[PDB]
2 protein chains.
Amino acid sequence: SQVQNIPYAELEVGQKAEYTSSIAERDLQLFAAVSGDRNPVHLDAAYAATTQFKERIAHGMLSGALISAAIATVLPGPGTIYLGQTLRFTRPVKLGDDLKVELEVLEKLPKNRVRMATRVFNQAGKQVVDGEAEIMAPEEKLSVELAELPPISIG
Amino acid sequence: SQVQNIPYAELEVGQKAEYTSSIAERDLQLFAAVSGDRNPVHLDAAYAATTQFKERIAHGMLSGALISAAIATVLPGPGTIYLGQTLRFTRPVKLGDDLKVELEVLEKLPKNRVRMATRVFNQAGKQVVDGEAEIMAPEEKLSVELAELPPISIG
């Protein structure tokens, strides 16, 4: 399929969208690989078993990654420019959690700018991240084929 | 292999550290994989060649991932609790850029709270990200063996 954006003129204050992701081993490994954060509580099950969490946990900033993809692919979607992001990390995310990013349009501002609430909840409905984004929303309507990745093999 | 943290009592206001990374094709693909942001300006060279950028560009939030690793592995390092992060995306990051994360201790506050400047610069010394982290620095000295990444093959 193709992904259609929601340009500035069509956005409304209060408009919401959601973006969901499971927290699997592969997510922990991919985020470590691209961040360089090889702390063993995210990677080494034997190590994590010795910690207070008893199992591996996700990097806090994995939620910033998910938020950015929600904004870029769902609301407003293709053509958006990222100007800023604030994150508050409220609760840890554990291996085997499922996260839901909730976006909400808070304000429409000059120069096609939008303030977007960016919240993340886990499978129990508890908020794990709170924050807000500043973006420049797309001026024109757009339909874009997202790129398919090559196969990525781990282990 | 081994990494020592820098506990709250060891930190001093003005203390700096750095964390560097080159922006390779693999980084674009892995970040897209873990985030879900597969917009083609990040992944498809033929497409990006048709844009103003003339080449692929990195996801803005890739700098957020690198900052988070710098805090978690270099300063204060293992044991740090990530409470908050602000990011202002001041300049696009391109394929083939070298990024330098600069961390600076701005303030030490009660209950092990630290305010940290988190700036990111490209190869030409232009600032590409500005922001500040709020953390709880570790109370005790820890030495940790970082985990190995599993092997990751792409394509």
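Above this text is the structure in question.
Residues numbered from 1 in each chain as written, not as in the entry; some residues may be left out. Chains lettered and ligands numbered in written order. Heavy atoms only, no water.

For the rest of this paragraph, the subject is the overall build of chain A. The number of helices and strands found in chain A is three helices and eight strands. Counting from the amino terminus, helix and strand elements in chain A follow one another as β-β-α-α-α-β-β-β-β-β-β. Overall, chain A is about 55 × 35 × 25 Å in size when its C-alpha atoms are taken along their principal axes. The proportion of buried residues among the 155 residues of chain A is 54%. Long-range pairs, those at least 24 residues apart, make up 68% of the contacts in chain A between residues at least 6 apart in sequence. Carbon and sulfur atoms make up 48% of the accessible area of chain A, which amounts to about 6800 Å² in all. (Helix = DSSP H or I, 4+ residues; strand = E, 2+ residues; numbered from the N terminus. Buried < 20%, exposed > 50% of the residue type's maximum accessible area, 1.4 Å probe, protein only. Contact = heavy atoms within 4.5 Å. Areas by Shrake-Rupley, 256 points an atom, 1.4 Å probe, with all protein chains shown as cover.)

Let's shift gears to helix α1 (residues 25-35) of chain B. For an α-helix the count is 3.6 residues per turn, leaving residues at separations of three or four pointing the same way. Burial within α1 of chain B is extensive, with eight of its eleven residues counted as buried. For α1 of chain B, the full list of buried residues reads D27, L28, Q29, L30, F31, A32, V34 and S35 of chain B.

With respect to topology, ten strands assemble into an open sheet ordered β2(A)-β4(A)-β5(A)-β6(A)-β3(A)-β3(B)-β6(B)-β5(B)-β4(B)-β2(B), the strand pairing being antiparallel. In this open sheet, the two strands that pair with only one neighbour each are β2 (16-22) of chain A together with β2 (16-22) of chain B. The mean angle between the axes of side-by-side strands here comes to 20°, regardless of whether they run parallel or antiparallel. With nine bridges connecting them, strand β4 (residues 98-109) of chain A and strand β5 (residues 113-121) of chain A associate as antiparallel partners. The residue bridging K100 of chain A from the neighbouring strand is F121 of chain A, located in β5 of chain A. (Pairing = 2+ DSSP bridges. Axes fitted to C-alpha atoms, helices over the stretch in contact; angles between N-to-C directions.)

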